[PDB]
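K.L.:
Here it is, the structure, as structure tokens.
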Amino acid sequence: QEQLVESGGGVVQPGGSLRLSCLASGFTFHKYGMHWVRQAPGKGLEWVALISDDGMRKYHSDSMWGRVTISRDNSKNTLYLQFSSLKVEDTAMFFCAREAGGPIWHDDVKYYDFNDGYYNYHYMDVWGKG
Amino acid sequence: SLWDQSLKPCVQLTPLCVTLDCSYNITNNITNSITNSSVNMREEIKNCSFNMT
Ligand SMILES: *[C@@H]1O[C@H](CO)[C@@H](O[C@@H]2O[C@H](CO)[C@@H](O[C@@H]3O[C@H](CO[C@H]4O[C@H](CO)[C@@H](O)[C@H](O)[C@@H]4O[C@@H]4O[C@H](CO)[C@@H](O[C@@H]5O[C@H](CO)[C@H](O)[C@H](O)[C@H]5O)[C@H](O)[C@H]4NC(C)=O)[C@@H](O)[C@H](O)[C@@H]3O)[C@H](O)[C@H]2NC(C)=O)[C@H](O)[C@H]1NC(C)=O
Ligand SMILES: *[C@@H]1O[C@H](CO[C@@H]2O[C@@H](C)[C@@H](O)[C@@H](O)[C@@H]2O)[C@@H](O[C@@H]2O[C@H](CO)[C@@H](O[C@@H]3O[C@H](CO)[C@@H](O)[C@H](O)[C@@H]3O)[C@H](O)[C@H]2NC(C)=O)[C@H](O)[C@H]1NC(C)=O
Ligand SMILES: *[C@@H]1O[C@H](CO)[C@@H](O)[C@H](O)[C@H]1NC(C)=O
Ligand SMILES: *[C@@H]1O[C@H](CO)[C@@H](O)[C@H](O)[C@H]1NC(C)=O
């Protein structure tokens with residue numbers, strides 16, 4: 001099945017950096033714009049970052065904007081998040097969630113992207129280990 | 001008659017008639033050449049996206 005596994009997270013101190021790597025399997029990761037989310041102690045879910053299928057654009061929350069940079073690797077079928085100027089408020093479990101399937105559905109008809117890409121902008125159907 | 005005969009094996013383009021979205025200015029260098037004969041603005045060059053089954 002379509003599986004996602006996060007890694008690289010660990011105990012760190014503010015002001016440094018961190019490399020969170022989200023590996024994927026069971027599907028064609030080459031065009032799946034992933035989503036980085038965080039969950040802090042005693043708090044709800046909080047969206048961290050989002051990257052497009054091709055890595056052209058990307059979105060980061062204004063609080064986490066600048067501190068984090070998201071990237072993809074279609075050869076490795078992997079996603080990467082590089083931190084910078086870490087803050088004590090960043091204490092959280094980080095998850096790597098997929099996008100709303102491969103195509104976008106409308107009237108039972110499914111549309112893929114240019115060059116038959118697995119694009120969407122919708123809910124996150126699959127969630128990773130964390 | 002020969003033109004119709006050669007037209008027969010050609011695949012049809014009926015599903016192509018859906019409404020599309022095109023962009024005129026693209027990531028190319030020249031749009032206005034040295035000559036101007038009411039054709040530089042009418043460049044007849046756009047890049048367009050289209051749904052296909
Ligand atoms: C055919 O012609 C069309 C007509 O031009 C083309 O479409 C577009 O038309 C617009 C007409 O207004 C053009 O607008 C201009 O854009 C200029 C460039 O603005 C950017 O660069 C300057 C620096 O030079 C920057 O100051 C601007 O704010 C903007 O870039 C900013 O970049 C940062 C960093 O990436 C963004 O920050 C984001 O923040 C979030 C969190 O909040 C995330 O973290 C993101 O990851 C992060 O990137 C910031 O958001 C962004 N600014 C904005 C407002 O979004 C500008 O200087 C001019 O004044 C004018 O506004 C537009 O450029 C043009 N499109 C292109 C591609 O040129 C059409 O493209 C063309 N056809 C083709 C095929 O190209
Ligand atoms: C009209 O064309 C623009 C520009 O597309 C680019 O230039 C053309 C001449 C061709 O060479 C295209 O192959 C080329 O992409 C379309 O806009 C979009 O521009 C961005 C540029 O940032 C393209 O991004 C690329 O995305 C791929 C895959 O994710 C990356 O590997 C690349 O590194 C690069 O970031 C984007 O592909 C392109 N969009 C499309 C659909 O090609 C514009 O959309 C198009 N007009 C229409 C109506 O589609
Ligand atoms: C167009 O080509 C000229 C050289 O012929 C070059 O100097 C210029 O930078 C080019 N412009 C673009 C947008 O590619
Ligand atoms: C370009 O336009 C000007 C005025 O519109 C005209 O005088 C000139 O002859 C045109 N160029 C050519 C090559 O005809």
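Chain lettering (A, B, ...) mirrors the order of the structure tokens, residue numbering begins at 1 for each chain separately, and ligand numbering begins at 1 in order of display.
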From a DSSP pass on the backbone, collect the residues of chain B flagged as strand (DSSP E) and hand them back as a PyMOL selection string.

P.N.:
chain B and resi 21-23+47-49

K.L.:
Given only C-alpha atoms, how would the per-residue table for chain B near chain A read, listing every residue at most 10 Å away with its closest atom pair and distance in Å to one decimal, sorted by chain and number, as CSV?

P.N.:
```
residue,atom,partner,partner_atom,distance
B:49,CA,A:114,CA,8.4
B:50,CA,A:114,CA,9.4
B:51,CA,A:111,CA,7.9
B:52,CA,A:111,CA,8.9
B:53,CA,A:111,CA,8.7
```

K.L.:
List all protein, DNA and RNA residues that have an atom no more than 10 Å from any atom of ligand 2, counting only C-alpha atoms and all ligand atoms, and report them as a PyMOL selection string.

P.N.:
(chain A and resi 30-31+52-57+74+113-115+117) or (chain B and resi 20-28+46-50)

K.L.:
Could you pull the residues within 7 Å of stretch 58-63 of chain A, counting only C-alpha atoms, minus those fewer than 4 positions along the same chain, as a tab-separated table (two decimals) with N, CA and C atoms, in the first residue's frame?

P.N.:
```tsv
chain	number	residue	atom	x	y	z
A	48	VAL	N	2.57	23.28	8.57
A	48	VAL	CA	3.92	23.84	8.52
A	48	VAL	C	4.23	24.32	7.11
A	49	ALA	N	4.12	23.42	6.13
A	49	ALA	CA	4.58	23.74	4.78
A	49	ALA	C	3.88	22.87	3.75
A	50	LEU	N	3.93	23.34	2.51
A	50	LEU	CA	3.34	22.65	1.37
A	50	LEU	C	4.20	22.94	0.15
A	51	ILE	N	4.38	21.93	-0.70
A	51	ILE	CA	5.15	22.04	-1.94
A	51	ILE	C	4.31	21.50	-3.08
A	52	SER	N	4.45	22.12	-4.25
A	52	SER	CA	3.73	21.69	-5.44
A	52	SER	C	4.30	20.36	-5.95
```

K.L.:
Ligand 4: which residues are within 6 Å, counting only C-alpha atoms and all ligand atoms, as a list in words?

P.N.:
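Going residue by residue within 6 Å of ligand 4, we get residues 35, 36 and 37 of chain B.
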
K.L.:
Can I get the selected residues back with N, CA, C and O atoms, as a CSV table (one decimal), in the first residue's frame?

P.N.:
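Output (part08.csv):
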```csv
chain,number,residue,atom,x,y,z
B,35,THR,N,10.9,43.7,-38.8
B,35,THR,CA,9.8,44.2,-39.6
B,35,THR,C,8.5,44.3,-38.9
B,35,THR,O,8.3,43.6,-37.9
B,36,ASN,N,7.7,45.3,-39.3
B,36,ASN,CA,6.4,45.5,-38.7
B,36,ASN,C,5.4,45.8,-39.9
B,36,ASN,O,5.6,46.8,-40.6
B,37,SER,N,4.5,44.9,-40.1
B,37,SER,CA,3.5,45.0,-41.2
B,37,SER,C,2.1,44.7,-40.7
B,37,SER,O,1.4,43.9,-41.3
```

K.L.:
For atom 42 (O, counted along the ligand's line) of ligand 1 and atom CA of residue A:69, determine how far apart the two atoms are, in Å to one decimal place.

P.N.:
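Those two atoms sit 12.2 Å apart.
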
K.L.:
Enter the distance from atom CA of residue A:97 to atom CA of residue A:65, in Å, rounded to one decimal.

P.N.:
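Atom-to-atom, atom CA of residue A:97 to atom CA of residue A:65, that is 19.0 Å.
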
K.L.:
Excluding residue A:41 and its own-chain neighbours fewer than 3 positions away, which residues fall within 12 Å of it when counting only C-alpha atoms? Please give them as a ChimeraX atom specification.

P.N.:
/A:38,44-46,88-94

K.L.:
Can you measure atom 48 (O, counted along the ligand's line) of ligand 1 to atom CA of residue A:80 for me? One decimal in Å is fine.

P.N.:
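Between atom 48 (O, counted along the ligand's line) of ligand 1 and atom CA of residue A:80 the gap works out to 16.6 Å.
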
K.L.:
Which parts of chain B does DSSP call helix (DSSP H, G or I) when run on the backbone here, written out as a short mmCIF file (atom, residue, chain, number, x, y, z; two decimals) with N, CA and C atoms, in the first residue's frame?

P.N.:
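Resulting contents of states_6.cif:
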```cif
data_model
loop_
_atom_site.label_atom_id
_atom_site.label_comp_id
_atom_site.auth_asym_id
_atom_site.auth_seq_id
_atom_site.Cartn_x
_atom_site.Cartn_y
_atom_site.Cartn_z
N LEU B 2 -8.66 11.22 -54.16
CA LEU B 2 -7.43 10.76 -53.54
C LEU B 2 -7.19 11.46 -52.20
N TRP B 3 -7.58 12.73 -52.10
CA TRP B 3 -7.45 13.44 -50.83
C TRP B 3 -8.36 12.83 -49.77
N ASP B 4 -9.59 12.49 -50.14
CA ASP B 4 -10.48 11.81 -49.20
C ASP B 4 -9.92 10.45 -48.81
N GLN B 5 -9.36 9.72 -49.78
CA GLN B 5 -8.78 8.41 -49.49
C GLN B 5 -7.64 8.52 -48.49
N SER B 6 -6.75 9.50 -48.69
CA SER B 6 -5.69 9.75 -47.73
C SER B 6 -6.22 10.31 -46.41
N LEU B 7 -7.40 10.93 -46.43
CA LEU B 7 -8.01 11.44 -45.21
C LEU B 7 -8.59 10.33 -44.35
N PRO B 15 -12.85 15.20 -30.18
CA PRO B 15 -12.77 15.58 -28.76
C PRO B 15 -11.92 16.81 -28.47
N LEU B 16 -11.12 17.28 -29.43
CA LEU B 16 -10.30 18.47 -29.23
C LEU B 16 -11.11 19.75 -29.13
N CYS B 17 -12.40 19.73 -29.46
CA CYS B 17 -13.22 20.93 -29.53
C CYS B 17 -13.60 21.51 -28.17
#
```

K.L.:
Residue A:17: which residues within 10 Å, counting only C-alpha atoms, same-chain residues fewer than 6 positions away excluded, as a list in words?

P.N.:
residues 67, 68, 82, 83, 84, 85, 86 and 87 of chain A

K.L.:
Save the residues we just selected, C-alpha atoms, as a CSV table (one decimal), in the first residue's frame?

P.N.:
```
chain,number,residue,atom,x,y,z
A,67,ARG,CA,12.6,29.2,9.3
A,68,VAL,CA,11.8,26.2,7.1
A,82,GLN,CA,15.5,22.1,6.1
A,83,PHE,CA,15.0,24.2,9.3
A,84,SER,CA,16.8,27.4,10.3
A,85,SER,CA,16.8,29.5,13.4
A,86,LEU,CA,14.9,27.0,15.5
A,87,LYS,CA,12.6,28.2,18.3
```

K.L.:
May I ask which of the residues B:30, B:18, B:13, B:41 is the closest one to ligand 3, counting only C-alpha atoms and all ligand atoms?

P.N.:
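Distance minimum relative to ligand 3 lands on B:30.
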
K.L.:
Would you mind telling me which residue in A:130, A:33, A:102, A:8 lies nearest to residue A:21 when using only C-alpha atoms?

P.N.:
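Closest candidate: A:8.
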